[PDB]
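Below is one structure, written out as structure tokens; comments come after it.
Readers should treat all values here as calculations from the given coordinates under stated rules, not as data from a laboratory. Cβ placement follows ideal geometry from the backbone for every residue including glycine, while neighbour counts extend to all protein chains displayed.
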Amino acid sequence: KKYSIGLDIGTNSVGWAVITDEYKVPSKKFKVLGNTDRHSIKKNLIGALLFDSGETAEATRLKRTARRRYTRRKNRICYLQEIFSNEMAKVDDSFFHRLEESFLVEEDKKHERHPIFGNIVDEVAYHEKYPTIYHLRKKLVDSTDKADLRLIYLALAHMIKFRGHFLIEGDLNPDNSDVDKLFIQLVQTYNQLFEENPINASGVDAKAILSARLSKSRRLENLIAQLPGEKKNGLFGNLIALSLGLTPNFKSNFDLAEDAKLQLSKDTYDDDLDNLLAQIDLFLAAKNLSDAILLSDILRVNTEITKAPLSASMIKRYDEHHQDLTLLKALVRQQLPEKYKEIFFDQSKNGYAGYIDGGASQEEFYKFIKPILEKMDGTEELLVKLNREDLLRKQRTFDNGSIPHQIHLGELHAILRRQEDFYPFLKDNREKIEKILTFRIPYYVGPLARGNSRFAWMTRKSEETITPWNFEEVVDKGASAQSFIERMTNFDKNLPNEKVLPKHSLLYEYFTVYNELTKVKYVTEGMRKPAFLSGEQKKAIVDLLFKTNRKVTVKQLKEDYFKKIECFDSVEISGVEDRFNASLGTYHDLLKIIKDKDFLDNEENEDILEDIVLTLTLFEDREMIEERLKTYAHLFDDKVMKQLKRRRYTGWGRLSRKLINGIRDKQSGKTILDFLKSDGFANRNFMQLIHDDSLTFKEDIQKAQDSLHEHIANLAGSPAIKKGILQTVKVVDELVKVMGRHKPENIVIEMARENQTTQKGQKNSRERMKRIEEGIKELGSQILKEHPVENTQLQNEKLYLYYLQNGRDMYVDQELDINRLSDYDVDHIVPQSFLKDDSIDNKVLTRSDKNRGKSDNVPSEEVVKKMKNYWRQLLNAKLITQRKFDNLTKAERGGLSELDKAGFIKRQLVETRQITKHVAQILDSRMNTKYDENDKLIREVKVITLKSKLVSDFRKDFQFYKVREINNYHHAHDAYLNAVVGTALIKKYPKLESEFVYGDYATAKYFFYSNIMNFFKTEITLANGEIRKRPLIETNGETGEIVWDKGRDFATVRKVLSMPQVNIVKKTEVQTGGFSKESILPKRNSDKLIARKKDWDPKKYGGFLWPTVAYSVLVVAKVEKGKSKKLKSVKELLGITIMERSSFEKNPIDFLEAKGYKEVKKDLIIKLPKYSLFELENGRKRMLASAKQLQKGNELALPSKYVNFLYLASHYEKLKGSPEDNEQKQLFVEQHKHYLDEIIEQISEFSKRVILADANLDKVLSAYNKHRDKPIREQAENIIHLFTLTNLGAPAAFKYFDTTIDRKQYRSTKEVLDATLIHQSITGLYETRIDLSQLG
RNA sequence: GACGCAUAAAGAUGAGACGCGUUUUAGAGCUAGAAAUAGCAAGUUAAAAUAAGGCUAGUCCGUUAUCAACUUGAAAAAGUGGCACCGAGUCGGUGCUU
DNA sequence: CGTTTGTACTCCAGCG
DNA sequence: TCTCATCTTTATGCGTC
DNA sequence: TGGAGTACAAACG
Ligand SMILES: [Mg+2]
Ligand SMILES: [Mg+2]
Ligand SMILES: [Mg+2]
Ligand SMILES: [Mg+2]
Ligand SMILES: [Mg+2]
């Protein structure tokens, strides 16, 4: 009577099987409801459930943030317009209306069809005078006469709409820079301040270093060659401070005013000026020259005296584009007359016409045009510019994202300065306009909601609307920044009302250090047995070598302490191997700032120190930190406070203040930390304390501690795993209901965990600092000696990639910059839009322009050819992996391809692990619910957690081979074998059920799980040839109960795996998501187009074209049709797309009448989600994919002998058995060649019965017959592909050796209108069969 | 099986920004021309939208999660489906029982 | 005769 | 693609229930 | 992997 349930849970399916105590799968007759004549169905209690994977909220978050950005951009433009409105009403009162309705066609426009000026001659004259907006912007910057208010508005609105990035902190001032000839002022001011007759007769300026890539090498060599100064600081050590930072941690060179360290012009440099401001401007020109150098690097404009460098560069682009276009046209006409149309008219190619008016990109145009230019003559300059990526550039290209907002701000400020004299209102609210451009909501304030958003946390001081000019006084930024962190941090698990301590808190570090130190044992010659450290010893050890060294080694412990204090000649330490995992890093960091050791050591100020660390952890805005720490300046010096505001900490711990040091034992009065610091002779650590029965901590924690859908909503994590968890729990509940509501004896969950040898684990978890160290050593570079680094810092992704590349770019042969890594970007080699892979094998650090030129592609053939040698050097140094090299060079093997698309992404394993871990405990709490007071929980249902290694070894040892492609039965079979193996193990080794059951309790651990599975085998193999002939009958041992009979139990398993009928059910899902595909299409005379705004007719404006159907509805009604119009009754499926799902559900009859259906029978409207299952003649089943396409729903039941033979013929040389076993299986393969013909006959019969892909089957048969002389291995490997013809799901495509058989989309959902509709429960055991032929 | 610490892999959730891209309109194409066309010239920019839209009207919200049928319930949710054996091509036969 | 569903084939898909 | 933050799953080492 | 759009030709009004 008693039974068990197995589960094989995946991210896209759940397999389930029910087994009795004899390992048989029971079968029952189930009643079937509905109007059909069939009354009951016999069904085996084994099957699988398939469903579409749950989607992560990442793609929704990206859309939501984009929506917010557009909403705020339109508001910026509206603010500028509201400023201009009154003065614009003087000159042109309809100007903003004409701008706003510019999209509409001529007849839809209320005003004149020329937006700016409103008349043809003025509009043409404007577009002739200022061919681009950058001409207008430069003219307004550099022209002192009164400009037109419309032109001023257009320039300002362009800058305010497209305002550049904010990654460069501080006020880069182009108006006080960009004159690279300030080097003269540099040398003069140096001569004034440094008095020992310094060199003044300068040679060539920094222009020589600007021409090539900026580098320490280039700068140093040029300065040595041209300006041999009197001191290295005067010649090199100052000019670097004007351009280049300093990496070494030691002090600077010989002091001119103070010897303290220097660096580039950071946010902390102005506070690093204490080396001169208190000691004296020479360093004032540092900012000037630095900003000149960076702005020259960004913008290739140096000679001109313009005050608009970006606009000047864009105008130079326009001029070069014009001139080179003229030259190219002339050359092509006089040298290649037959290519002129294909280059300059044919927009379907990648010529100039396809570059401008087509869709070709700059790289595609360059690749198309380079052969033509090479074979032509007189194009040397064009080739040079093309190889420099400067030929025929547009003024708005992909790489404008390196323009900081400070450049646009400089141009806007200059314009307002020029025109503020003639338009006084521009003088009045210049500040308002600049704030509109430069305002940006802090990331810690979030959406400025007023209570109606579930993403917002901002707290506002008043109800006044927030604008850039009153944001600072309406938004409570302090509380908002605190809630930003506090809304995401975990609570304490033991005390679920308490926030956790900051990971760097002094209490947390003390708890960690003492909790580790209290369990170490020392032994010596005189000691009889090792004994714990006493309270005095732990106190002395802490104050001696934990508070004076950042990390403590066993060597330090047993040399400095045990041989100097309490002298022991020699000692053995247990409980630490090489180094203490714990440290007082926060203590040392606060000691290097707070010179007062006694302040740290005092107990009374511990609250103040804790609040300081909590502030430095919560807030990272410098003014915010200063405001919070302002109350603590009366304990410290002002220099000390200036240092404190520099101490950034991140990360939060697992335990709270109250748990660690707040709750006290009633009897002793000690806290947990006090017990750790001194607990006499017991020395109980935290785990042993909170579980001690004699201490009140256990009860204090215990007393300090709805639908399943609600609980699932409670748990954190991604929403992807929720679907799988809920579906498998529903499956288990339905199985329990099916078995007379009697709970199963055992539930066996297949866990995705794994045991590894200690060597393998230590290898795979080595420090990334070591990973860099051996590689850099092997390739012999000096990067580590030039840029000292520590393992903690390498957690930064860009820094880690920098060191993995030896400080060079991976797509160009150029150096990177440690001090400017925010410029570069982390490029995905295989693009994000193609494959989800964020592993380091997929990431590369490179300049933003190269990344964005390489849009959604693998690196091009040219890039591969240039950089393959460098990639090979890195691979030899083992900095990059073979996987990374294969990703990088994928363009040499055909680029992106569907065989590369085919695989399991690495995210699926993680989601599977999370789903199984949550499902195990959910099932345990749902099943084992009968508590008791003598023992806490009565374990009614054992939830076994097997590892997949056991079942894989069972399959591979007893030749129950698994081939995924044949059908979906392998999920059900994996569930069945999980149940069998789990119950057999539990019954055979009851003492070790405390290792499998959930809730009971590494090379040795690895060997154990290998040796445990031996009792299934008749003969155990040793390396020397010895065999232990285990008996055919396996008994429990202590009890004598029989568990595994190798005679008949394998027969039962084999019989079950050959069961034809396995309940595969595919979950019917109503589609939700985007209304349609995102591509906006040009206007056409079609009704398939969707209007992208309510007033924009698609026949005139274009629109979207691939609507997503939420569900179909079966409508039986009458439609007017005929050569003379006449209502005819009709039955057909109508697709209710996502856009109008709400419109239909509001009023189905009104919606259908609007569709043109007349006299709809409201009773016969049926909702038909995706994958609704229909059965037709001969068991041909069709799942509904939409209202126009059906999916094949039948499953092929291939015999186990053929499945095993296929797995053996394929994988021919990777069976990984013994040599004799492999040879015998080989002879098996030769002696069963007829299996190929039998399998083809099987597949052909199945196709002719239910697939009905007649032409594809003919192609398959012809290909098989033509290639039947090929080797057996290749025949097997290719015949595995033919199961794409018969797989459940969508018609897809495949290939025999060379013949590619295409797809046969069943685009006819009319055959199903007279079939039987099946409503299948979650397990598929309960059905309701509606015969649609009986509806009329 | 869980927990703390150290190392590491692979992932996740929320916020703030940038750059493109597409769509319609504006930038008078000219010449011989019945001209069906052809020649020639032009080309780089801008405005607007970027899920349709929503109501609590916010510089907010709108693509994640929830869903077999039927009987119930404003809903969430719950409730309903006979057994053994012999077999086996997607489940069948037989015998029991209301 | 004049359509109109029906099949075959091809090709479509916002991104860094 | 940039910036900021928090969190999870698994593997090995040290210590525990 | 569902939609879309052309060409084609059997199939009804
Ligand atoms: Mg599995
Ligand atoms: Mg990229
Ligand atoms: Mg599976
Ligand atoms: Mg969904
Ligand atoms: Mg674990």
Revision key, fill the gap. Of the conditions (1) charged (D, E, K, R); (2) within 25 Å of A:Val1062 (Cβ to Cβ); (3) within 16 Å of DNA strand C (Cβ to nearest atom), the single one that A:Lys956 does not satisfy is (3)
Revision key, fill the gap. A careful count of residues in segment A:159-174 that are surrounded by 17 or more Cβ atoms within 10 Å (Cβ to Cβ), near RNA strand B (Cβ under 10 Å from one of its atoms) and not charged (D, E, K, R) gives 3
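Would you be able to say whether some residue in segment A:858-865 is within 22 Å of the chain's Cα centre (by Cα) and either near DNA strand D (Cβ under 10 Å from one of its atoms) or at positive phi (or both)?
So in segment A:858-865, the residues within 22 Å of the chain's Cα centre (by Cα) come out as A:858-859.
Right, trim to either near DNA strand D (Cβ under 10 Å from one of its atoms) or at positive phi (or both) and you get none.
No, there is no match, as no residue in segment A:858-865 is within 22 Å of the chain's Cα centre (by Cα) and either near DNA strand D (Cβ under 10 Å from one of its atoms) or at positive phi (or both).
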Review point. Taking segment A:156-174 as the search range and keeping residues that are farther than 14 Å from A:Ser311 by Cβ and assigned to a helix (DSSP H, G or I), which one is nearest to the chain's Cα centre (by Cα)?
Key: A:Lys161
Exercise for review: Take A:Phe1283 and decide whether it is in contact with a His (Cβ under 8 Å, 6 or more places away or on another chain) and either away from DNA strand C (no atom under 16 Å from the Cβ) or not β-branched (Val, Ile, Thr) (or both).
Suggested key: no
Review point. With (1) in contact with a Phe, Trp or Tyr (Cβ under 8 Å, 6 or more places away or on another chain); (2) closer than 30 Å to A:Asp838 by Cβ; (3) of a type in the set (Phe, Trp, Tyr) as the list, and A:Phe117 as the residue in question, which single condition is left unmet?
Key: (2)
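Counting only residues that are of a type in the set (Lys, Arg) and surrounded by 16 or more Cβ atoms within 10 Å (Cβ to Cβ), how many does segment A:732-784 have? Walk me through it before giving the result.
Step one: filter segment A:732-784 for residues of a type in the set (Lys, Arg), giving A:737, A:741, A:743, A:753, A:760, A:763, A:766, A:768, A:770-771, A:777.
Retained after the next criterion (residues that are surrounded by 16 or more Cβ atoms within 10 Å (Cβ to Cβ)): A:743, A:771.
Result for segment A:732-784: 2.
Give the number of residues within segment A:28-45 that are in a strand (DSSP E or B), of a type in the set (D, E, K, R) and exposed (fewer than 12 other Cβ atoms within 10 Å of the Cβ). Outline the logic, then answer.
Of segment A:28-45, the ones in a strand (DSSP E or B) are A:28-33, A:40-44.
This time we only want the ones that are of a type in the set (D, E, K, R), so: A:28-29, A:31, A:42-43.
Those left that are additionally exposed (fewer than 12 other Cβ atoms within 10 Å of the Cβ): A:29, A:31, A:42.
The total comes to 3.
Quick grid of which residues meet (1) of a type in the set (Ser, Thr, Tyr); (2) not in a loop (DSSP other than H, G, I, E, B):
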residue: A:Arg1273; (1), (2): no, yes
residue: A:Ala1276; (1), (2): no, yes
residue: A:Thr1284; (1), (2): yes, yes
residue: A:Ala1292; (1), (2): no, no
residue: A:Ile1322; (1), (2): no, no
Review point. Can you tell which of A:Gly1037, A:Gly1074 is away from ligand 2 (no atom under 16 Å from the Cβ), closer than 30 Å to A:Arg1092 by Cβ and not aromatic (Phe, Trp, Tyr)?
Key: A:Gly1074
Exercise for review: Starting from residues that are in a helix (DSSP H, G or I) and crowded, with 17+ Cβ neighbours inside 10 Å, keep the ones in segment A:1243-1258 and report whichever is farthest from the chain's Cα centre (by Cα).
Suggested key: A:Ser1244
Check your understanding: Of these, A:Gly410, A:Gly401, A:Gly446, which one is surrounded by 17 or more Cβ atoms within 10 Å (Cβ to Cβ), assigned to a helix (DSSP H, G or I), small (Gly, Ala, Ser) and under 38 Å from the mean Cα position of the chain (by Cα)?
Key -> A:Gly410
Study note, to complete from the structure: Log entry, pairs with first residue in segment A:166-182 being under 18 Å from A:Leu821 (Cβ atoms) and within 16 Å of DNA strand C (Cβ to nearest atom), second being in a loop (DSSP other than H, G, I, E, B) and not basic (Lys, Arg), beta carbons closer than 7 Å, six or more apart or on different chains, reads A:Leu167/A:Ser822
Exercise for review: Kindly provide the set of residues from segment A:560-602 that are among the small types (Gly, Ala, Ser) and either over 15 Å from A:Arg647 (Cα atoms) or buried (at least 16 other Cβ atoms within 10 Å of the Cβ) (or both), ordered by number.
Suggested key: A:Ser570, A:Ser574, A:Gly575, A:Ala582, A:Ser583
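When you go through A:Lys890, A:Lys936, A:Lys942, A:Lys917 one by one, which is the residue that is buried (at least 16 other Cβ atoms within 10 Å of the Cβ), within 16 Å of DNA strand D (Cβ to nearest atom) and over 27 Å from A:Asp52 (Cβ atoms)?
Values: A:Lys936 fails: buried (at least 16 other Cβ atoms within 10 Å of the Cβ); A:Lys942 fails: within 16 Å of DNA strand D (Cβ to nearest atom); A:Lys917 fails: over 27 Å from A:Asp52 (Cβ atoms).
None of the other options fit; the residue is A:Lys890.
Of all residues in segment A:829-857, which are of a type outside the set (D, E, K, R), surrounded by 19 or more Cβ atoms within 10 Å (Cβ to Cβ) and within 14 Å of the chain's Cα centre (by Cα)? Please lay out each step first, then the result.
Let us first name the residues in segment A:829-857 that are of a type outside the set (D, E, K, R), namely A:829-835, A:839-840, A:842, A:844-846, A:848, A:851, A:853, A:855, A:857.
Those left that are additionally surrounded by 19 or more Cβ atoms within 10 Å (Cβ to Cβ): A:829-830, A:842, A:844-846, A:851, A:853.
Matches in segment A:829-857: A:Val830, A:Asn842.
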Exercise for review: For segment A:799-824, enumerate the residues that are among the charged types (D, E, K, R), over 19 Å from A:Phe885 (Cα atoms) and within 16 Å of DNA strand C (Cβ to nearest atom).
Suggested key: A:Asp823
**Study point:** Residue check, A:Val789 touching a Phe, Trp or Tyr at 6+ places or on another chain (Cβ under 9 Å) and under 15 Å from A:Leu874 (Cα atoms)
**Key:** no
Revision key, fill the gap. Within segment A:413-440, restricting to residues that are more than 47 Å from the chain's Cα centre (by Cα) and crowded, with 16+ Cβ neighbours inside 10 Å, the one that is farthest from A:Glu169 (Cα to Cα) is A:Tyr423
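For residues in segment A:637-689 being aromatic (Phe, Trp, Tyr) and not in a helix (DSSP H, G or I), which is nearest to A:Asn515 (Cα to Cα)? First the steps, then the outcome.
Taking segment A:637-689 first, the residues aromatic (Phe, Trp, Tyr) are A:649, A:652, A:675, A:681, A:686.
Then drop every residue that is not not in a helix (DSSP H, G or I), which leaves A:649, A:652, A:681.
Values: A:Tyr649: 23, A:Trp652: 18, A:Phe681: 15 Å.
Only one residue tops the list, namely A:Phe681.
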Practice item. Evaluate segment A:69-85: report whether one residue or more is within 30 Å of A:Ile9 (Cβ to Cβ) and within 16 Å of DNA strand C (Cβ to nearest atom). Key: no
Check your understanding: Of all residues in segment A:77-99, which are under 12 Å from A:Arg150 (Cα atoms) and within 43 Å of the chain's Cα centre (by Cα)?
Key -> A:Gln81, A:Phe96, A:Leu99
Exercise for review: Kindly indicate whether any position in segment A:929-949 is part of a helix (DSSP H, G or I), more than 16 Å from ligand 4 (Cβ to nearest atom) and aliphatic (A, V, I, L, M).
Suggested key: no
Check your understanding: Do you know which of the residues in segment A:1082-1097 that are of a type in the set (D, E, K, R) and within 6 Å of RNA strand B (Cβ to nearest atom) is surrounded by the fewest Cβ atoms within 10 Å (Cβ to Cβ)?
Key -> A:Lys1094
Exercise for review: Kindly list the number of the only condition in (1) within 16 Å of DNA strand D (Cβ to nearest atom); (2) crowded, with 16+ Cβ neighbours inside 10 Å that fails for A:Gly1102.
Suggested key: (1)
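Based on what the data block shows, is A:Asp856 among the acidic types (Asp, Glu), within 11 Å of DNA strand C (Cβ to nearest atom) and in a strand (DSSP E or B)?
Values: among the acidic types (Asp, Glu): yes; within 11 Å of DNA strand C (Cβ to nearest atom): yes; in a strand (DSSP E or B): no.
Here the answer is no, as A:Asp856 does not meet what is asked.
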Check your understanding: Among the listed residues A:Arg300, A:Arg317, which satisfies the condition of being assigned to a helix (DSSP H, G or I) and either among the aromatic types (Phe, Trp, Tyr) or at negative phi (or both)?
Key -> A:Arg317
Review point. Of the numbered conditions (1) in contact with a helix residue (DSSP H, G or I) (Cβ under 9 Å, 6 or more places away or on another chain); (2) polar (S, T, N, Q); (3) surrounded by 12 or more Cβ atoms within 10 Å (Cβ to Cβ), A:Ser94 satisfies every one except a single condition; which is it?
Key: (1)
Study note, to complete from the structure: Within segment A:1076-1095, the residues that are within 12 Å of DNA strand E (Cβ to nearest atom), within 31 Å of the chain's Cα centre (by Cα) and in a loop (DSSP other than H, G, I, E, B) are A:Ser1076, A:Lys1077, A:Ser1079
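Are any of the residues in segment A:708-724 among the aliphatic types (A, V, I, L, M) and more than 23 Å from A:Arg926 (Cα to Cα)? Give the steps one after another, and end with the answer.
Of the residues in segment A:708-724, the ones among the aliphatic types (A, V, I, L, M) are A:708, A:712-713, A:715-716, A:720-721.
Narrowing further to those that are more than 23 Å from A:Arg926 (Cα to Cα): none.
Scanning segment A:708-724, I find no residue that is among the aliphatic types (A, V, I, L, M) and more than 23 Å from A:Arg926 (Cα to Cα), so the answer is no.
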